[PDB]
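First comes the structure, then the notes that go with it.
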Amino acid sequence: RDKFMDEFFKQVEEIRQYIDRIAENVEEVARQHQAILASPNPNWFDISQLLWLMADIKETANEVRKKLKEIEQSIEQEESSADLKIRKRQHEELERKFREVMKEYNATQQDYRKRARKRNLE
Amino acid sequence: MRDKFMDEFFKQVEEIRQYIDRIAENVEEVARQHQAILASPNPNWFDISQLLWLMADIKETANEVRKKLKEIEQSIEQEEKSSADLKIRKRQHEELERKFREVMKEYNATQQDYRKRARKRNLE
Amino acid sequence: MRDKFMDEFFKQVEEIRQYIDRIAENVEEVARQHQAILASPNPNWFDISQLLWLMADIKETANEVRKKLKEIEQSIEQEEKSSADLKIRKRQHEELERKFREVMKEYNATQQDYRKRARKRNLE
């Protein structure tokens, strides 16, 4: 167990860092939306950079999904000890954080789509 | 155990079929973005952003298809009158290549049109 | 053995070189797109979309070159008077760095030029 819990905590740390990375990328995406729609003529490099953050978010999100699935399957295999509860409780928390950040990301995109349509109509 | 490896082959096949469908769907969306962009009297930077996103996803997905099909191609050349199971694998790999060439050919055609239609639009 | 790892190093070098030439090709094409966009009184959404596609690709490719060089740099730090193989690797790494900076410098200058010319046109 100690060796297997040590690894579990290594996994949780990586997931947290990935989630923070998405969080930071989502703030940045929001800044790119604002910059693109603020100026008469957008800097091209603001549109290319928006694409690059989205690519990074897709790639990072996939990794969080995989790693979270890994933990989930390991819980189902052992399925109640202190260690298993710990793992169950941490997975739940990471799932909540991850869904929260992605939900915020979708809202940010929806607003870009709406606001760009309003600019187009002006 | 062949059964183990055939089951896996058929799973690899479904993966590839899902990725090709994903490409097909993106190509239709690329055409809609082309139409929205060319039909509007003003820029819409979301439409431009989404077109670019779609082209990035097509590229990424197609690369995976090429890789996965390649991997199957090699697996066949190594094992290769072929047995029944080998024939099953070759025939399926052929079918997937055709579909994949067909969706990418349609993508290219779609892009050839955007280029031509955007020049016409520009000339108005 | 060293041999197998120098062979690998030189293969890594060639791949990094192909990526840099790829960026260089694309930077010229970005220039061409800049010309087309400025020489045309109206927008051409194909030219604009394709400019953006090229920028995307430069950015992805540049990124891979940065990571591939960082690996080489990190391998030199651990092994690191140096042996001849080690020296060979440092010299090549340094040359590859120079060449990469040069091409991205060219890319920024190209973007700065467009921005300026564009503003001028806008005023005309």
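Could you say whether any residue in region B:83-93 is farther than 30 Å from A:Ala38 by Cβ and under 18 Å from the mean Cα position of the chain (by Cα)?
Let us first name the residues in region B:83-93 that are farther than 30 Å from A:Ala38 by Cβ, namely B:83-93.
Remaining after also requiring under 18 Å from the mean Cα position of the chain (by Cα): B:92-93.
There is at least one residue in region B:83-93 that is farther than 30 Å from A:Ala38 by Cβ and under 18 Å from the mean Cα position of the chain (by Cα).
Go through (1) surrounded by 12 or more Cβ atoms within 10 Å (Cβ to Cβ); (2) within 14 Å of chain B (Cβ to nearest Cβ); (3) under 21 Å from B:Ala56 (Cβ atoms); (4) out of contact with any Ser or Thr (no Cβ under 6 Å at 6 or more places or on another chain) for A:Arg117 and report which single condition fails.
It is condition (3) that A:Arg117 fails.
Mind listing just one residue for me: the one in region B:39-51 that is in a helix (DSSP H, G or I) and closer than 13 Å to C:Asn44 by Cα and, of those, farthest from the other protein chains (Cβ to nearest Cβ)?
To start, the set of residues in region B:39-51 that are in a helix (DSSP H, G or I) comprises B:39, B:45-51.
Filter again for closer than 13 Å to C:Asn44 by Cα, leaving B:39, B:48.
Numbers: B:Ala39: 11, B:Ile48: 7 Å.
Among those that are in a helix (DSSP H, G or I) and closer than 13 Å to C:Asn44 by Cα, it is B:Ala39.
Residues of region A:31-60 being of a type in the set (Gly, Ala, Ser) and within 13 Å of chain C (Cβ to nearest Cβ), which ones? Show your work before the answer.
Initially, region A:31-60 is screened for residues of a type in the set (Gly, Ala, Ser), giving A:35, A:38-39, A:48, A:55.
Residues satisfying the conditions are A:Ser39, A:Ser48, A:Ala55.
Hey, among the residues in region B:17-38 that are within 11 Å of chain C (Cβ to nearest Cβ) and among the hydrophobic types (A, V, I, L, M, F, W, C), which one's farthest from B:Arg119 (Cα to Cα)?
B:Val30
How many residues, within region A:66-120, are of a type in the set (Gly, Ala, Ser), over 30 Å from B:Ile48 (Cα atoms) and part of a helix (DSSP H, G or I)?
Our first condition is that a residue be of a type in the set (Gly, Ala, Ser); within region A:66-120, this holds for A:74, A:80-82, A:107, A:116.
Of the ones still in play, those that are also over 30 Å from B:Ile48 (Cα atoms) are A:74, A:80-82.
From the residues that got through so far, the ones that are part of a helix (DSSP H, G or I) too are A:74, A:82.
Selection size over region A:66-120: 2.
Residue check: is C:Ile58 surrounded by 19 or more Cβ atoms within 10 Å (Cβ to Cβ), under 12 Å from the mean Cα position of the chain (by Cα), closer than 30 Å to B:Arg121 by Cα and within 14 Å of chain B (Cβ to nearest Cβ)?
Numbers: surrounded by 19 or more Cβ atoms within 10 Å (Cβ to Cβ): yes; under 12 Å from the mean Cα position of the chain (by Cα): yes; closer than 30 Å to B:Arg121 by Cα: yes; within 14 Å of chain B (Cβ to nearest Cβ): yes.
Yes, satisfied.
With C:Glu73, C:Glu102 as the choices, which residue is in a helix (DSSP H, G or I), more than 14 Å from chain B (Cβ to nearest Cβ) and either touching a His at 6+ places or on another chain (Cβ under 8 Å) or aromatic (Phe, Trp, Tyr) (or both)? I'd like the intermediate steps shown before the answer.
Values: C:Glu102 fails: either touching a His at 6+ places or on another chain (Cβ under 8 Å) or aromatic (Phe, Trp, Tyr) (or both).
Among C:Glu73, C:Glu102, only C:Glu73 is in a helix (DSSP H, G or I), more than 14 Å from chain B (Cβ to nearest Cβ) and either touching a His at 6+ places or on another chain (Cβ under 8 Å) or aromatic (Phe, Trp, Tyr) (or both).
Looking only at residues in region C:63-113 that are over 30 Å from C:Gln35 (Cα atoms) and of a type in the set (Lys, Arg), which one is surrounded by the fewest Cβ atoms within 10 Å (Cβ to Cβ)?
First, pick out the residues of region C:63-113 that are over 30 Å from C:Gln35 (Cα atoms): C:67-95.
Next, from what is left, pick out any that are of a type in the set (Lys, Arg): C:67-68, C:70, C:81, C:87, C:89-91.
Working: C:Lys67: 10, C:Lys68: 16, C:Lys70: 10, C:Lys81: 4, C:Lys87: 12, C:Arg89: 24, C:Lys90: 16, C:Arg91: 10.
In this case the residue turns out to be C:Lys81.
Cβ: placed from backbone, ideal geometry, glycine included. Neighbour counts: every protein chain shown. Rule-based calculations on the coordinates, nothing more; no lab input.
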